[PDB]
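Residues in the sequence shown are numbered consecutively from 65, following this note's numbering. C-beta: ideal position from N, C-alpha, C; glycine also. Down below is the structure, laid out as structure tokens.
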Amino acid sequence: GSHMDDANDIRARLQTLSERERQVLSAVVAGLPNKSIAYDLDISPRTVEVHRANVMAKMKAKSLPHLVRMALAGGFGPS
């Protein structure tokens, strides 16, 4: 239980995390700029910088790829 874990476990986790997670993640899932993201989730880029780094840090992620990967790995993949 150090990094990543199962597929659906991630999803259910993607939410248990917090708005900051479901927020930046759903923006990160695509790969848009820190600005469009922060604003895409009614917030500032300085926030996503905090949230994001937190999100991947608390969600058990590792990097941008890992996050989204864990995002799509479950159900956080924008078709």
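Cβ-based neighbour list, residue i, same chain, cut-off 6 Å, excluding 5 preceding and 5 following
i	result
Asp104	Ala91
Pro109	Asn98, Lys99, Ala102
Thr80	none
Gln87	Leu105
Beta-carbon proximity check, residue i vs residue j, cutoff 8 Å
i	j	result
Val119	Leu89	yes
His67	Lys122	no
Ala135	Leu78	yes
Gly138	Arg84	no
Cut-off 7 Å between Cβ atoms - residues of its own chain near residue i, not counting five sequence neighbours on either side
i	result
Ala94	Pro142
Nonlocal neighbours in the same chain, by C-beta distance under 8 Å from residue i, ignoring five residues either side
i	result
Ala71	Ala137, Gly138
Inset, instruction - Can you check the region 74-99 for any beta strand (DSSP E) of at least 3 residues that lies completely inside it and give the ranges in chain order? - result: none
Inset, instruction - Mind listing, in chain order, the continuous beta strand (DSSP E) runs of no fewer than 3 residues lying wholly within the region 94-137? - result: none
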